[PDB]
$ cat final.txt   # compact mmCIF, N, CA, C and O atoms and all ligand atoms
# COMPACT_ATOMS: atom_id res chain seq x y z
N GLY A 16 17.50 7.73 4.88
CA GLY A 16 17.84 6.52 5.68
C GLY A 16 17.03 6.43 6.96
O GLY A 16 16.24 5.49 7.15
N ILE A 17 17.23 7.41 7.85
CA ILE A 17 16.43 7.53 9.07
C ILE A 17 14.95 7.68 8.72
O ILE A 17 14.11 7.09 9.38
N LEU A 18 14.62 8.45 7.67
CA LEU A 18 13.23 8.55 7.24
C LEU A 18 12.61 7.19 6.92
O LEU A 18 11.47 6.92 7.30
N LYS A 19 13.36 6.34 6.21
CA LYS A 19 12.89 5.00 5.80
C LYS A 19 12.83 3.99 6.96
O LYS A 19 11.96 3.12 6.98
N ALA A 20 13.74 4.10 7.93
CA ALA A 20 13.76 3.18 9.07
C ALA A 20 12.56 3.42 10.00
O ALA A 20 11.97 2.49 10.54
N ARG A 21 12.20 4.69 10.14
CA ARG A 21 11.08 5.09 10.96
C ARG A 21 9.79 4.91 10.20
O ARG A 21 8.77 4.57 10.79
N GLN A 22 9.82 5.10 8.88
CA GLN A 22 8.72 4.63 8.06
C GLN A 22 8.44 3.14 8.34
O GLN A 22 7.27 2.82 8.50
N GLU A 23 9.45 2.26 8.46
CA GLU A 23 9.09 0.82 8.46
C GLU A 23 8.61 0.32 9.78
O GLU A 23 7.75 -0.53 9.80
N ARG A 24 9.17 0.86 10.86
CA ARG A 24 8.63 0.64 12.18
C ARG A 24 7.19 1.17 12.33
O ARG A 24 6.39 0.55 13.01
N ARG A 25 6.84 2.27 11.66
CA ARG A 25 5.42 2.68 11.61
C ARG A 25 4.54 1.66 10.88
O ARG A 25 3.45 1.41 11.30
N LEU A 26 5.06 1.05 9.82
CA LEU A 26 4.35 0.02 9.09
C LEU A 26 4.30 -1.28 9.89
O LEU A 26 3.27 -1.92 9.96
N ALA A 27 5.41 -1.62 10.53
CA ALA A 27 5.43 -2.73 11.50
C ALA A 27 4.39 -2.66 12.64
O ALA A 27 3.78 -3.70 13.03
N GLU A 28 4.18 -1.46 13.19
CA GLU A 28 3.13 -1.21 14.19
C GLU A 28 1.77 -1.52 13.62
O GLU A 28 0.91 -2.04 14.31
N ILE A 29 1.57 -1.17 12.36
CA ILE A 29 0.31 -1.40 11.71
C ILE A 29 0.11 -2.89 11.46
O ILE A 29 -0.97 -3.42 11.74
N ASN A 30 1.14 -3.55 10.93
CA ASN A 30 1.10 -5.01 10.79
C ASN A 30 0.74 -5.65 12.14
O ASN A 30 -0.11 -6.51 12.19
N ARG A 31 1.40 -5.25 13.23
CA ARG A 31 1.08 -5.83 14.57
C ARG A 31 -0.38 -5.62 14.95
O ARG A 31 -1.01 -6.46 15.60
N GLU A 32 -0.95 -4.51 14.49
CA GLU A 32 -2.37 -4.25 14.71
C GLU A 32 -3.25 -5.19 13.87
O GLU A 32 -4.25 -5.75 14.37
N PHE A 33 -2.88 -5.41 12.60
CA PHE A 33 -3.54 -6.40 11.74
C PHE A 33 -3.41 -7.82 12.28
O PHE A 33 -4.36 -8.58 12.22
N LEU A 34 -2.25 -8.20 12.81
CA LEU A 34 -2.08 -9.56 13.36
C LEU A 34 -3.11 -9.91 14.45
O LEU A 34 -3.39 -11.07 14.74
N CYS A 35 -3.70 -8.88 15.03
CA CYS A 35 -4.64 -9.05 16.16
C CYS A 35 -6.09 -8.66 15.81
O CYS A 35 -7.00 -8.75 16.64
N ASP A 36 -6.30 -8.28 14.56
CA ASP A 36 -7.57 -7.80 14.08
C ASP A 36 -8.45 -9.02 13.75
O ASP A 36 -8.07 -9.83 12.90
N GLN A 37 -9.58 -9.15 14.44
CA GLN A 37 -10.47 -10.31 14.26
C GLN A 37 -10.94 -10.52 12.80
O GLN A 37 -11.16 -11.64 12.38
N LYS A 38 -11.07 -9.44 12.05
CA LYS A 38 -11.32 -9.51 10.62
C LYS A 38 -10.37 -10.45 9.86
O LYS A 38 -10.80 -11.21 8.99
N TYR A 39 -9.09 -10.42 10.19
CA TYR A 39 -8.12 -11.23 9.46
C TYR A 39 -7.74 -12.50 10.19
O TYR A 39 -6.71 -13.11 9.88
N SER A 40 -8.59 -12.90 11.14
CA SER A 40 -8.36 -14.06 12.01
C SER A 40 -8.35 -15.34 11.22
O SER A 40 -7.76 -16.35 11.66
N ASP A 41 -9.02 -15.29 10.08
CA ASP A 41 -9.06 -16.36 9.10
C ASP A 41 -7.70 -16.58 8.46
O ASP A 41 -7.18 -17.71 8.45
N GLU A 42 -7.12 -15.49 7.95
CA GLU A 42 -6.02 -15.52 7.00
C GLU A 42 -4.89 -16.44 7.39
O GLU A 42 -4.37 -16.39 8.51
N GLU A 43 -4.53 -17.31 6.47
CA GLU A 43 -3.40 -18.20 6.65
C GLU A 43 -2.21 -17.44 6.11
O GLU A 43 -2.35 -16.64 5.17
N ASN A 44 -1.05 -17.69 6.71
CA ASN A 44 0.20 -17.04 6.31
C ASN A 44 0.14 -15.52 6.51
O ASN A 44 0.80 -14.78 5.79
N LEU A 45 -0.64 -15.07 7.48
CA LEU A 45 -0.81 -13.64 7.74
C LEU A 45 0.51 -12.92 8.08
O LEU A 45 0.80 -11.88 7.47
N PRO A 46 1.31 -13.44 9.04
CA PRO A 46 2.58 -12.74 9.28
C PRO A 46 3.41 -12.57 8.01
O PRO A 46 3.96 -11.51 7.79
N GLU A 47 3.46 -13.60 7.17
CA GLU A 47 4.22 -13.58 5.91
C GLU A 47 3.68 -12.60 4.88
O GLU A 47 4.46 -11.92 4.16
N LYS A 48 2.35 -12.54 4.76
CA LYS A 48 1.72 -11.67 3.75
C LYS A 48 1.94 -10.21 4.10
O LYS A 48 2.32 -9.42 3.25
N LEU A 49 1.69 -9.89 5.36
CA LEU A 49 1.95 -8.56 5.94
C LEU A 49 3.38 -8.06 5.83
O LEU A 49 3.61 -6.86 5.59
N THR A 50 4.35 -8.96 6.03
CA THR A 50 5.77 -8.63 5.82
C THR A 50 6.03 -8.26 4.36
O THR A 50 6.70 -7.26 4.10
N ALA A 51 5.49 -9.06 3.43
CA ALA A 51 5.59 -8.82 2.01
C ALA A 51 4.92 -7.52 1.58
O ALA A 51 5.46 -6.82 0.77
N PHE A 52 3.74 -7.21 2.11
CA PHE A 52 3.09 -5.96 1.80
C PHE A 52 3.83 -4.76 2.33
O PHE A 52 3.81 -3.70 1.71
N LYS A 53 4.44 -4.89 3.51
CA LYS A 53 5.23 -3.80 4.07
C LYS A 53 6.45 -3.49 3.18
O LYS A 53 6.73 -2.33 2.88
N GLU A 54 7.18 -4.54 2.78
CA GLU A 54 8.31 -4.44 1.83
C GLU A 54 7.92 -3.82 0.49
O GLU A 54 8.64 -2.98 -0.02
N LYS A 55 6.77 -4.21 -0.06
CA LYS A 55 6.26 -3.64 -1.30
C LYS A 55 5.91 -2.16 -1.12
O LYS A 55 6.32 -1.32 -1.92
N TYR A 56 5.15 -1.86 -0.08
CA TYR A 56 4.80 -0.47 0.18
C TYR A 56 6.05 0.39 0.36
O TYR A 56 6.08 1.54 -0.04
N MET A 57 7.07 -0.17 0.98
CA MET A 57 8.35 0.53 1.18
C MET A 57 9.11 0.82 -0.11
O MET A 57 10.03 1.65 -0.11
N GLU A 58 8.75 0.12 -1.18
CA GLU A 58 9.36 0.35 -2.49
C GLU A 58 8.90 1.66 -3.16
O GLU A 58 9.53 2.11 -4.09
N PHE A 59 7.79 2.25 -2.69
CA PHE A 59 7.30 3.53 -3.21
C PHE A 59 8.09 4.69 -2.63
O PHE A 59 8.57 4.62 -1.51
N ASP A 60 8.21 5.78 -3.38
CA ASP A 60 8.74 7.01 -2.82
C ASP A 60 7.54 7.71 -2.22
O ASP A 60 6.73 8.31 -2.92
N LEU A 61 7.37 7.52 -0.92
CA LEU A 61 6.12 7.91 -0.23
C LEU A 61 6.08 9.42 -0.06
O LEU A 61 7.11 10.07 -0.21
N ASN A 62 4.93 10.02 0.16
CA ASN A 62 4.93 11.47 0.36
C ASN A 62 5.35 11.82 1.83
O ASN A 62 5.72 10.93 2.59
N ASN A 63 5.28 13.10 2.21
CA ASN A 63 5.62 13.59 3.57
C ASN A 63 4.81 12.96 4.69
O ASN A 63 5.20 13.00 5.88
N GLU A 64 3.66 12.39 4.32
CA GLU A 64 2.78 11.68 5.25
C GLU A 64 3.01 10.22 5.23
O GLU A 64 2.30 9.50 5.90
N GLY A 65 3.97 9.76 4.46
CA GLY A 65 4.21 8.34 4.41
C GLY A 65 3.16 7.61 3.58
O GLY A 65 3.03 6.40 3.74
N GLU A 66 2.44 8.31 2.69
CA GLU A 66 1.36 7.69 1.87
C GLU A 66 1.68 7.72 0.35
O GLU A 66 2.55 8.52 -0.08
N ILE A 67 1.03 6.86 -0.43
CA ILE A 67 1.23 6.83 -1.89
C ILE A 67 0.31 7.90 -2.48
O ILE A 67 -0.92 7.77 -2.42
N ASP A 68 0.91 8.98 -2.98
CA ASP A 68 0.17 10.01 -3.72
C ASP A 68 0.41 9.89 -5.23
O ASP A 68 0.94 8.88 -5.68
N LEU A 69 0.02 10.92 -5.99
CA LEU A 69 0.15 10.93 -7.46
C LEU A 69 1.61 10.85 -7.84
O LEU A 69 1.96 10.12 -8.74
N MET A 70 2.46 11.53 -7.08
CA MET A 70 3.91 11.46 -7.33
C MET A 70 4.48 10.05 -7.12
O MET A 70 5.25 9.55 -7.95
N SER A 71 4.08 9.39 -6.04
CA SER A 71 4.58 8.06 -5.73
C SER A 71 4.14 7.11 -6.80
O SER A 71 4.89 6.25 -7.21
N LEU A 72 2.88 7.23 -7.22
CA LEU A 72 2.37 6.38 -8.29
C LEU A 72 3.13 6.65 -9.57
O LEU A 72 3.68 5.72 -10.14
N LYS A 73 3.20 7.91 -9.99
CA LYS A 73 3.95 8.27 -11.19
C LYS A 73 5.30 7.60 -11.15
O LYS A 73 5.60 6.80 -12.02
N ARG A 74 6.12 7.87 -10.12
CA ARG A 74 7.47 7.31 -10.09
C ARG A 74 7.44 5.77 -10.24
O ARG A 74 8.26 5.23 -10.97
N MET A 75 6.51 5.09 -9.56
CA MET A 75 6.36 3.61 -9.64
C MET A 75 5.97 3.01 -11.01
O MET A 75 6.57 2.02 -11.45
N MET A 76 4.94 3.59 -11.64
CA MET A 76 4.53 3.22 -13.00
C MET A 76 5.66 3.39 -14.01
O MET A 76 5.78 2.60 -14.95
N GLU A 77 6.46 4.44 -13.80
CA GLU A 77 7.66 4.74 -14.62
C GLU A 77 8.81 3.76 -14.40
O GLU A 77 9.51 3.42 -15.32
N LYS A 78 9.03 3.36 -13.16
CA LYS A 78 10.06 2.36 -12.85
C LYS A 78 9.67 1.00 -13.45
O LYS A 78 10.52 0.25 -13.95
N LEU A 79 8.37 0.73 -13.41
CA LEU A 79 7.79 -0.51 -13.90
C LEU A 79 7.56 -0.56 -15.41
O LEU A 79 7.22 -1.61 -15.92
N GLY A 80 7.76 0.56 -16.10
CA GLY A 80 7.55 0.64 -17.55
C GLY A 80 6.10 0.68 -18.02
O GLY A 80 5.81 0.40 -19.19
N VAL A 81 5.18 1.05 -17.13
CA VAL A 81 3.73 1.07 -17.40
C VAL A 81 3.24 2.50 -17.59
O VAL A 81 3.28 3.29 -16.65
N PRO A 82 2.72 2.84 -18.78
CA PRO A 82 2.35 4.24 -18.96
C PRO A 82 1.02 4.53 -18.25
O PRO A 82 0.04 3.87 -18.54
N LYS A 83 0.99 5.47 -17.29
CA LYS A 83 -0.31 5.99 -16.84
C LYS A 83 -0.44 7.50 -17.03
O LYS A 83 0.52 8.24 -16.80
N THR A 84 -1.62 7.95 -17.45
CA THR A 84 -1.96 9.38 -17.55
C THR A 84 -2.33 9.91 -16.15
O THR A 84 -2.73 9.13 -15.33
N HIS A 85 -2.23 11.22 -15.93
CA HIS A 85 -2.75 11.92 -14.78
C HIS A 85 -4.08 11.31 -14.30
O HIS A 85 -4.15 10.80 -13.21
N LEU A 86 -5.11 11.31 -15.15
CA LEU A 86 -6.42 10.81 -14.75
C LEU A 86 -6.41 9.33 -14.39
O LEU A 86 -7.04 8.94 -13.39
N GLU A 87 -5.69 8.50 -15.14
CA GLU A 87 -5.61 7.07 -14.78
C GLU A 87 -5.01 6.88 -13.38
O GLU A 87 -5.44 6.03 -12.62
N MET A 88 -4.01 7.68 -13.04
CA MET A 88 -3.43 7.59 -11.67
C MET A 88 -4.44 8.07 -10.65
O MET A 88 -4.68 7.40 -9.67
N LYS A 89 -5.08 9.21 -10.91
CA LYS A 89 -6.17 9.68 -10.07
C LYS A 89 -7.18 8.53 -9.81
O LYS A 89 -7.57 8.28 -8.67
N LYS A 90 -7.58 7.82 -10.87
CA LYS A 90 -8.59 6.76 -10.74
C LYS A 90 -8.06 5.52 -10.01
O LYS A 90 -8.80 4.87 -9.28
N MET A 91 -6.78 5.22 -10.18
CA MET A 91 -6.14 4.10 -9.52
C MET A 91 -6.18 4.26 -8.01
O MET A 91 -6.41 3.29 -7.28
N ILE A 92 -6.00 5.49 -7.54
CA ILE A 92 -6.10 5.82 -6.13
C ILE A 92 -7.54 5.86 -5.60
O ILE A 92 -7.84 5.29 -4.55
N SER A 93 -8.45 6.53 -6.29
CA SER A 93 -9.78 6.62 -5.73
C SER A 93 -10.47 5.24 -5.69
O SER A 93 -11.25 4.96 -4.76
N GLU A 94 -10.16 4.39 -6.66
CA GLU A 94 -10.58 2.97 -6.70
C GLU A 94 -10.18 2.14 -5.47
O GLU A 94 -10.91 1.26 -5.01
N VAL A 95 -8.98 2.41 -4.97
CA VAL A 95 -8.42 1.71 -3.80
C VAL A 95 -8.85 2.33 -2.45
O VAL A 95 -8.81 1.66 -1.41
N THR A 96 -9.22 3.61 -2.47
CA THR A 96 -9.69 4.34 -1.31
C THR A 96 -11.20 4.52 -1.31
O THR A 96 -11.74 5.22 -0.46
N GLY A 97 -11.91 3.93 -2.28
CA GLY A 97 -13.34 4.15 -2.42
C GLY A 97 -13.68 5.63 -2.56
O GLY A 97 -14.83 6.04 -2.33
N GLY A 98 -12.68 6.43 -2.91
CA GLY A 98 -12.86 7.86 -3.19
C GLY A 98 -12.84 8.82 -2.01
O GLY A 98 -13.20 9.98 -2.17
N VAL A 99 -12.40 8.36 -0.84
CA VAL A 99 -12.49 9.19 0.37
C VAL A 99 -11.20 9.93 0.69
O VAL A 99 -11.20 10.86 1.52
N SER A 100 -10.11 9.52 0.03
CA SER A 100 -8.81 10.16 0.18
C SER A 100 -8.10 10.25 -1.17
O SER A 100 -8.28 9.39 -2.02
N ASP A 101 -7.26 11.27 -1.34
CA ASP A 101 -6.45 11.36 -2.56
C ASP A 101 -5.07 10.69 -2.50
O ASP A 101 -4.27 10.83 -3.42
N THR A 102 -4.83 9.93 -1.43
CA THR A 102 -3.59 9.15 -1.23
C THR A 102 -3.96 7.75 -0.73
O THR A 102 -5.02 7.58 -0.11
N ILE A 103 -3.12 6.76 -1.04
CA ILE A 103 -3.28 5.40 -0.51
C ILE A 103 -2.40 5.23 0.74
O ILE A 103 -1.16 5.33 0.66
N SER A 104 -3.05 5.00 1.88
CA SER A 104 -2.40 4.71 3.13
C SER A 104 -2.04 3.24 3.15
O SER A 104 -2.52 2.46 2.32
N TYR A 105 -1.19 2.86 4.10
CA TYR A 105 -0.75 1.49 4.21
C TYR A 105 -1.90 0.56 4.58
O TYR A 105 -1.99 -0.55 4.05
N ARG A 106 -2.78 1.02 5.46
CA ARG A 106 -3.98 0.28 5.79
C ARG A 106 -4.78 0.00 4.54
O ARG A 106 -5.19 -1.15 4.34
N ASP A 107 -5.04 1.04 3.74
CA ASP A 107 -5.75 0.89 2.45
C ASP A 107 -5.01 -0.06 1.56
O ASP A 107 -5.64 -0.91 0.93
N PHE A 108 -3.68 0.06 1.49
CA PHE A 108 -2.85 -0.86 0.68
C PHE A 108 -3.01 -2.30 1.16
O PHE A 108 -3.20 -3.20 0.36
N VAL A 109 -2.96 -2.54 2.48
CA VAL A 109 -3.11 -3.90 2.96
C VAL A 109 -4.51 -4.43 2.69
O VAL A 109 -4.67 -5.52 2.14
N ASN A 110 -5.53 -3.66 3.04
CA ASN A 110 -6.89 -4.09 2.76
C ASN A 110 -7.15 -4.34 1.28
O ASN A 110 -7.89 -5.24 0.93
N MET A 111 -6.52 -3.55 0.42
CA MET A 111 -6.48 -3.84 -1.01
C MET A 111 -5.87 -5.20 -1.30
O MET A 111 -6.46 -5.99 -2.02
N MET A 112 -4.69 -5.48 -0.76
CA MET A 112 -3.99 -6.72 -1.07
C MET A 112 -4.71 -7.96 -0.55
O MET A 112 -4.64 -9.03 -1.17
N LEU A 113 -5.39 -7.82 0.57
CA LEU A 113 -6.09 -8.95 1.18
C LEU A 113 -7.50 -9.09 0.61
O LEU A 113 -7.99 -10.21 0.43
N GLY A 114 -8.14 -7.95 0.32
CA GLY A 114 -9.51 -7.90 -0.17
C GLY A 114 -9.71 -8.71 -1.44
O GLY A 114 -8.76 -8.97 -2.19
N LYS A 115 -10.95 -9.11 -1.69
CA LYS A 115 -11.26 -9.90 -2.88
C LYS A 115 -11.58 -9.02 -4.07
O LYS A 115 -11.50 -9.46 -5.22
N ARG A 116 -11.93 -7.76 -3.80
CA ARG A 116 -12.12 -6.76 -4.86
C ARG A 116 -10.83 -6.60 -5.66
O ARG A 116 -9.73 -6.59 -5.10
N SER A 117 -10.96 -6.47 -6.98
CA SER A 117 -9.81 -6.25 -7.85
C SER A 117 -9.50 -4.76 -7.95
O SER A 117 -10.38 -3.91 -7.78
N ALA A 118 -8.24 -4.43 -8.20
CA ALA A 118 -7.82 -3.04 -8.34
C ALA A 118 -6.65 -2.96 -9.30
O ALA A 118 -5.76 -3.82 -9.27
N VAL A 119 -6.65 -1.94 -10.15
CA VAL A 119 -5.61 -1.78 -11.16
C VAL A 119 -4.23 -1.80 -10.50
O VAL A 119 -3.36 -2.53 -10.94
N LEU A 120 -4.06 -1.03 -9.42
CA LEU A 120 -2.80 -1.06 -8.68
C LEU A 120 -2.43 -2.45 -8.11
O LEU A 120 -1.25 -2.81 -8.06
N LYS A 121 -3.43 -3.20 -7.66
CA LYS A 121 -3.18 -4.53 -7.10
C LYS A 121 -2.65 -5.44 -8.19
O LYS A 121 -1.68 -6.17 -7.97
N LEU A 122 -3.30 -5.37 -9.36
CA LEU A 122 -2.94 -6.12 -10.57
C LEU A 122 -1.66 -5.61 -11.22
O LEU A 122 -1.01 -6.33 -11.98
N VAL A 123 -1.30 -4.35 -10.95
CA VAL A 123 -0.04 -3.80 -11.47
C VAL A 123 1.13 -4.34 -10.65
O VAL A 123 2.17 -4.68 -11.23
N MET A 124 0.95 -4.43 -9.33
CA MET A 124 1.94 -5.05 -8.45
C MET A 124 2.38 -6.40 -9.03
O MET A 124 3.57 -6.58 -9.30
N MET A 125 1.43 -7.33 -9.22
CA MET A 125 1.71 -8.59 -9.94
C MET A 125 1.05 -8.59 -11.32
O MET A 125 1.70 -8.92 -12.34
ZN ZN B 201 5.64 -1.30 18.89
$ encode --input "final.txt" --output "structure tokens" --more "lines below"
Ligand SMILES: [Zn+2]
Amino acid sequence: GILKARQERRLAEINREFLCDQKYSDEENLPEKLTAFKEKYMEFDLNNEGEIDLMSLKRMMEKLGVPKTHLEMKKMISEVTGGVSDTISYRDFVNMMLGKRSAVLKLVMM
């Protein structure tokens, strides 16, 4: 409970940083999209760092009824992180959701 409430205020701080980021100065409905992405990201069982790891993905694909193998999950993450981290951070998740590049995880969400 306390873990999740402090998780979301950490995500809220990040959203507030995006609301002021000149990169997204274009985006229409930005406050709304960011709220929705925070709620979606909060649906994962995040790791000790508050990030989506192999475990978080596994649990999510299973809740959603979508079969993924070890390697497919590995690839779903490196695809979204461009291969520089083995976990998806909220920043990476938001940039994924806003970005025009397609991603298996982005397409799995919807
Ligand atoms: Zn604050």
$ closest_residue --input "final.txt" --among "A:90, A:78, A:19, A:24" --to "ligand ZN 201 (chain B)" --atoms "all atoms listed in the file"
A:24
$ closest_residue --input "final.txt" --among "A:106, A:120, A:65, A:28" --to "residue A:92" --atoms "all atoms listed in the file"
A:120
$ residues_near_ligand --input "final.txt" --ligand "ligand ZN 201 (chain B)" --cutoff "12 Å" --atoms "only C-alpha atoms and all ligand atoms" --output "PyMOL selection string"
chain A and resi 21+23-32
$ atom_distance --input "final.txt" --atom1 "atom N of residue A:85" --atom2 "atom N of residue A:71"
11.9 Å
$ atom_distance --input "final.txt" --atom1 "atom C of residue A:70" --atom2 "atom O of residue A:102"
12.1 Å
$ atom_distance --input "final.txt" --atom1 "atom C of residue A:64" --atom2 "atom O of residue A:103"
7.9 Å
$ select_by_dssp --input "final.txt" --residues "chain A" --states "helix (DSSP H, G or I)" --output "ChimeraX atom specification"
/A:17-33,37-39,45-56,69-78,85-96,105-113,119-124
$ closest_residue --input "final.txt" --among "A:51, A:89, A:125, A:101" --to "residue A:66" --atoms "only N, CA, C and O atoms"
A:101
$ decode --input "final.txt" --residues "stretch 80-91 of chain A" --atoms "C-alpha atoms" --output "JSON list (two decimals), in the first residue's frame"
[["chain", "number", "residue", "atom", "x", "y", "z"],
["A", 80, "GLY", "CA", -3.43, -14.33, -21.52],
["A", 81, "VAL", "CA", -0.51, -13.72, -23.94],
["A", 82, "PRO", "CA", 2.17, -16.41, -24.05],
["A", 83, "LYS", "CA", 5.74, -15.07, -24.02],
["A", 84, "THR", "CA", 8.98, -17.13, -23.79],
["A", 85, "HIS", "CA", 12.01, -16.00, -21.71],
["A", 86, "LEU", "CA", 13.75, -14.72, -24.88],
["A", 87, "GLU", "CA", 10.64, -12.93, -26.23],
["A", 88, "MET", "CA", 10.38, -11.03, -22.92],
["A", 89, "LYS", "CA", 14.10, -10.28, -23.03],
["A", 90, "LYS", "CA", 13.57, -8.86, -26.56],
["A", 91, "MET", "CA", 10.43, -6.90, -25.60]]
